[PDB]
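Trainee: Here's a structure for you.
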Amino acid sequence: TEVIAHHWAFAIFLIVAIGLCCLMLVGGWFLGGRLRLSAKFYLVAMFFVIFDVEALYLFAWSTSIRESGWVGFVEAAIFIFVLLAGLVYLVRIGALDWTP
Amino acid sequence: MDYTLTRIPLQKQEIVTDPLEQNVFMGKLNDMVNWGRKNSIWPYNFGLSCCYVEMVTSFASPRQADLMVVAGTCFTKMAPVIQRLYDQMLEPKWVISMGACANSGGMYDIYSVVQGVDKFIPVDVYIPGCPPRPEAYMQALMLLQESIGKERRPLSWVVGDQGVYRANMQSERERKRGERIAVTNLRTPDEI
Amino acid sequence: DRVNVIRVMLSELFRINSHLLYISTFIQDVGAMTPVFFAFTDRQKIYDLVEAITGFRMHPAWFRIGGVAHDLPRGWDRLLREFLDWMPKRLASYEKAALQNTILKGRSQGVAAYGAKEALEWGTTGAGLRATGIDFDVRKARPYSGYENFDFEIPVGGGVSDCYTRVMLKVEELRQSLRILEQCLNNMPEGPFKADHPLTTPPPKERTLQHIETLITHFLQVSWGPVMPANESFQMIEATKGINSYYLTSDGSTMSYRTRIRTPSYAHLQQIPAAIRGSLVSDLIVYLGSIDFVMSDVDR
Amino acid sequence: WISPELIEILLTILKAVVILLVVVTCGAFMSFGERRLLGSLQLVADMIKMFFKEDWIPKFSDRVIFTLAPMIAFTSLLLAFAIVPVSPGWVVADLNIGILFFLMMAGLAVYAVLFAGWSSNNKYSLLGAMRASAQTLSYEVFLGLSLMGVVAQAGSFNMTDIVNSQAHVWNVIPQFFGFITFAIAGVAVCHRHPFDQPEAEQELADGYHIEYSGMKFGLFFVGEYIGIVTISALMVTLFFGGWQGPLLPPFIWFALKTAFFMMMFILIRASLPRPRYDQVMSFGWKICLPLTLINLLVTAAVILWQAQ
Ligand code: SF4
């Protein structure tokens with residue numbers, strides 16, 4: 001009898017936000033009378049994807065930080081060490097600088 | 001005052017009377033629309049020869065600006081660019097012709113100069129003289145602001161007359177005639 | 001002498017205007033802290049000075065045949081003195097700002113630096129010629145309008161015509177123009193502002209209004225035009241962005257049989273395929289910004 | 001059919017709609033506020049002008065994603081604001097994932113730029129969209145870790161638990177590295193001035209705002225500013241004291257701190273120049289990400305040390 005009201009508020013918020021944008025767009029509408037980009041952009045998107053999925057393990061670690069003891073801290077520390085080893089490998093090879 | 005309309009340089013315009021002289025809701029709504037078009041004006045300062053530094057020092061993507069400042073000389077090779085940029089803009093659109101080069105031939109009556117912007121697109125507001133001061137441009141902004149404040153344009157393309165109404169405003173030379181003729185003495189040019 | 005000194009004064013004022021505009025538009029793209037407000041006061045005050053001396057600010061239309069259109073007023077000394085004691089710290093600030101941004105100094109110093117041969121076969125009469133080391137200025141080699149009486153040391157570059165050597169030479173040219181204006185303000189002649197030749201168009205205005213013969217000369221020179229002997233003349237000066245030249249052929253009539261205007265920006269723009277031959281688009285835009293050409297000056 | 005449960009539910013609906021209108025008008029009004037800091041009826045006049053202008057669909061484009069890119073740019077970072085609590089009894093979303101939801105919205109924010117870049121049938125606009133999208137990916141990669149510093153300090157994702165863990169000490173002073181990394185990431189993702197318009201190094205690149213006229217451009221124009229105000233709300237509710245103050249009412253305190261942080265954003269507009277693209281990417285990959293990983297490890301050791 002409170003979370004149902006909160007879910008209803010979320011629903012009307014979403015529905016009336018999209019409805020406001022729709023009515024705004026149609027009120028603007030009603031009145032008045034062979035190449036290739038690159039490969040480094042794909043590489044930086046792939047860096048974002050892989051480090052975001054490793055950041056997912058950090059996301060799930062951050063909620064259970066206290067309930068897992070020092071052994072969980074050690075495991076997340078060696079996880080982050082592997083992550084930073086990959087990042088510093090990427091830094092040192094030269095695949096991370098842009099140089100336009 | 002009387003009004004001219006354009007309905008669908010070679011177009012036809014004749015003299016009519018405004019439809020507000022006859023729905024009081026439409027009269028307030030049209031006034032609010034004209035007010036909103038008045039106080040919010042985005043210019044498109046066209047890049048041309050040498051009124052640039054007068055629009056540079058006065059204070060801009062195309063197709064969002066409802067006002068176009070044609071400043072420099074209109075040449076035979078640049079006039080299609082002017083026409084293409086004018087048709088790129090969306091109605092309502094207004095034109096300010098800066099300098100003599102845009103009002104007329106502007107000291108160039110020669111083969112490679114188009115004699116004014118009026119030859120291909122209409123011009124709403126003119127500013128005379130080789131390079132006008134930015135205050136003259138800002139006064140022309142006042143002039144076009146009040147001209148926009150008195151129009152009668154269609155609100156929508158479903159119901160209403162499908163023709164914009166321009167106002168036959170009183171000219172500035174007759175309005176300023178008393179203040180200009182009633183000038184007795186001036187400062188002599190031997191001092192500063 | 002007074003006509004020559006006035007011509008030198010106004011020419012160096014407009015050269016200061018053009019150099020300030022070029023330096024402001026070359027320094028805006030990197031720092032952009034105060035690149036336009038710092039330059040706006042100087043251009044506006046010299047425009048007010050030109051407005052006091054002449055008519056409106058950009059195009060004076062004030063150089064007449066045999067002299068100038070009017071005399072200097074009784075307040076030009078105060079305006080020029082207030083101008084000249086207020087600019088040296090601006091020049092120090094400009095040198096500081098041109099030395100502070102070392103990122104531009106390491107970026108623009110490498111690409112497309114022609115030297116001593118491409119600036120001599122492609123035209124290139126502006127700051128590129130003196131940046132290549134060729135000490136050739138019209139004001140010192142073929143003096144005109146009494147430039148021998150002014151002591152100013154023409155600055156030259158060394159080696160190549162870099163994008164930084166050109167703006168350094170234009171800063172030093174601003175300093176030389178300020179020194180020329182100081183020398184003009186120091187000892188000013190008190191002679192006539194128009195020559196006594198009968199072909200000075202127009203004649204002096206007071207004698208036009210109260211002498212019949214001066215009215216005759218003004219009537220015929222204004223209306224039909226000054227009748228001029230059939231010859232050919234060529235005047236070559238150092239303009240604000242290079243070397244300008246007017247070559248006039250007269251057929252004996254009141255108009256010109258031929259006017260040839262050799263402009264520096266034409267030769268400056270003709271050589272851009274010779275240096276963007278294997279460069280990038282951003283390099284091309286940087287080179288276009290670093291070149292003092294003007295398109296209406298190219299097309300006359 | 002008059003029942004007090006229906007009255008309370010309708011009052012909650014009223015709370016949702018007033019917070020939506022107040023955040024929309026807050027963005028719209030301090031758009032003019034920033035333009036003055038660089039006449040509140042001028043935005044009303046601008047809205048009237050934009051409503052009475054024809055939306056141009058390009059004839060080489062399609063009528064779906066060309067209009068759906070401003071849809072994303074407005075509504076995604078609009079519903080990002082539903083997370084933010086302004087008061088104990090004036091919250092619209094009390095769901096458990098109070099940080100992951102903002103991460104969803106920030107992840108979907110890149111769709112607007114990409115879809116606009118394709119929708120503008122223009123190679124230069126596409127290249128500019130690629131540059132902007134690469135930048136915002138390169139900063140939203142560690143946006144999550146900058147939030148996980150505070151998440152690990154406060155335990156759960158719920159913002160109520162965050163602001164109740166801010167009772168003894170705000171999270172700005174133990175985690176300043178997380179604060180600056182989140183500020184940098186929020187500047188870059190919302191396209192604020194230093195990490196803005198990456199077309200400055202190539203003339204073969206153009207903006208994605210081009211070929212957008214009228215309402216489809218006004219959607220971006222108000223969407224970036226609603227985004228920066230909800231990023232400021234996220235910032236205060238995470239690092240500063242959410243609704244926390246000695247004397248003045250809590251919503252007054254929240255409004256004051258939000259206003260303070262976007263005047264700080266005005267100071268950002270005034271002070272620093274725009275860095276080069278290579279410097280921006282090299283910064284966001286080499287400095288920010290190891291620093292926030294080290295921050296997470298340090299706050300883990302801290303919160304596991306004094307755990308008694
Ligand atoms: S009016 Fe004068 S200053 Fe303006 S474009 Fe024409 S010639 Fe140049």
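Residues are referred to by chain and number: the chain letter is A, B, ... according to the order shown in the structure tokens, the number counts from 1 in that chain, and ligands are numbered separately from 1 in the order shown.
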Contacts between ligand 1 and chain C, please, where a residue of chain C counts if it comes within 10 Å (with only C-alpha atoms and all ligand atoms); show its shortest atom pair and distance in Å to one decimal, rows by chain and ascending number, as a tab-separated table.

Mentor:
residue	atom	partner	partner_atom_place_in_ligand_line	distance
C:58	CA	ligand 1	3 (S)	7.6
C:59	CA	ligand 1	3 (S)	7.8
C:296	CA	ligand 1	8 (Fe)	9.5

Trainee: Would you put the residues from that selection into a file with N, CA, C and O atoms, as a PDB file, in the first residue's frame?

Mentor:
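Contents of result.pdb, as written:
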ATOM      1  N   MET C  58      36.019  52.750 -42.177  1.00  0.00           N
ATOM      2  CA  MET C  58      36.760  51.755 -42.949  1.00  0.00           C
ATOM      3  C   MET C  58      37.361  52.346 -44.217  1.00  0.00           C
ATOM      4  O   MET C  58      38.568  52.231 -44.450  1.00  0.00           O
ATOM      5  N   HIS C  59      36.536  52.971 -45.051  1.00  0.00           N
ATOM      6  CA  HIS C  59      36.999  53.490 -46.333  1.00  0.00           C
ATOM      7  C   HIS C  59      37.048  55.007 -46.261  1.00  0.00           C
ATOM      8  O   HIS C  59      36.001  55.666 -46.351  1.00  0.00           O
ATOM      9  N   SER C 296      38.522  39.193 -51.675  1.00  0.00           N
ATOM     10  CA  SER C 296      38.125  40.364 -52.453  1.00  0.00           C
ATOM     11  C   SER C 296      39.340  41.132 -52.954  1.00  0.00           C
ATOM     12  O   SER C 296      39.264  41.817 -53.979  1.00  0.00           O
TER      13      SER C 296
END

Trainee: Among the residues of segment 79-190 of chain B, find those DSSP assigns to alpha helix (DSSP H) from the backbone and print them as a PyMOL selection string.

Mentor: chain B and resi 79-88+99-103+134-149+172-175+177-181

Trainee: Have a look at atom CA of residue 183 of chain B and atom CA of residue 168 of chain B and let me know their distance in Å, one decimal.

Mentor: 28.3 Å

Trainee: Quick one: residues within 12 Å of residue 87 of chain B, only C-alpha atoms counted, chain neighbours fewer than 6 positions away excluded, as a ChimeraX atom specification?

Mentor: /B:62-63,66,68,80-81,93-94,120-122

Trainee: At a cut-off of 8 Å, using only C-alpha atoms, what residues contact residue 281 of chain C? Leave out same-chain residues fewer than 6 positions from it and give the result as an mmCIF file with N, CA and C atoms, in the first residue's frame.

Mentor:
data_model
loop_
_atom_site.group_PDB
_atom_site.id
_atom_site.type_symbol
_atom_site.label_atom_id
_atom_site.label_comp_id
_atom_site.auth_asym_id
_atom_site.auth_seq_id
_atom_site.Cartn_x
_atom_site.Cartn_y
_atom_site.Cartn_z
ATOM 1 N N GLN D 202 39.221 18.514 -37.319
ATOM 2 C CA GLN D 202 39.043 18.088 -38.698
ATOM 3 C C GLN D 202 37.910 18.877 -39.334
ATOM 4 N N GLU D 203 38.154 19.387 -40.539
ATOM 5 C CA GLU D 203 37.118 20.053 -41.317
ATOM 6 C C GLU D 203 36.295 19.076 -42.143
ATOM 7 N N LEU D 204 36.621 17.788 -42.089
ATOM 8 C CA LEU D 204 35.786 16.737 -42.649
ATOM 9 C C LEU D 204 34.782 16.206 -41.637
#

Trainee: Report as JSON lines the residues of chain B within 10 Å of chain A, each with its shortest atom pair and distance in Å (one decimal), using only C-alpha atoms, ordered by chain and increasing residue number.

Mentor:
{"residue": "B:90", "atom": "CA", "partner": "A:32", "partner_atom": "CA", "distance": 9.9}
{"residue": "B:91", "atom": "CA", "partner": "A:32", "partner_atom": "CA", "distance": 8.0}
{"residue": "B:92", "atom": "CA", "partner": "A:32", "partner_atom": "CA", "distance": 8.2}
{"residue": "B:153", "atom": "CA", "partner": "A:33", "partner_atom": "CA", "distance": 8.7}
{"residue": "B:154", "atom": "CA", "partner": "A:33", "partner_atom": "CA", "distance": 6.3}
{"residue": "B:155", "atom": "CA", "partner": "A:32", "partner_atom": "CA", "distance": 5.7}
{"residue": "B:156", "atom": "CA", "partner": "A:31", "partner_atom": "CA", "distance": 4.5}
{"residue": "B:157", "atom": "CA", "partner": "A:33", "partner_atom": "CA", "distance": 4.2}
{"residue": "B:158", "atom": "CA", "partner": "A:33", "partner_atom": "CA", "distance": 8.0}
{"residue": "B:159", "atom": "CA", "partner": "A:33", "partner_atom": "CA", "distance": 9.7}
{"residue": "B:160", "atom": "CA", "partner": "A:33", "partner_atom": "CA", "distance": 9.7}
{"residue": "B:161", "atom": "CA", "partner": "A:33", "partner_atom": "CA", "distance": 9.9}
{"residue": "B:162", "atom": "CA", "partner": "A:33", "partner_atom": "CA", "distance": 7.5}
{"residue": "B:163", "atom": "CA", "partner": "A:33", "partner_atom": "CA", "distance": 9.2}
{"residue": "B:164", "atom": "CA", "partner": "A:33", "partner_atom": "CA", "distance": 9.6}
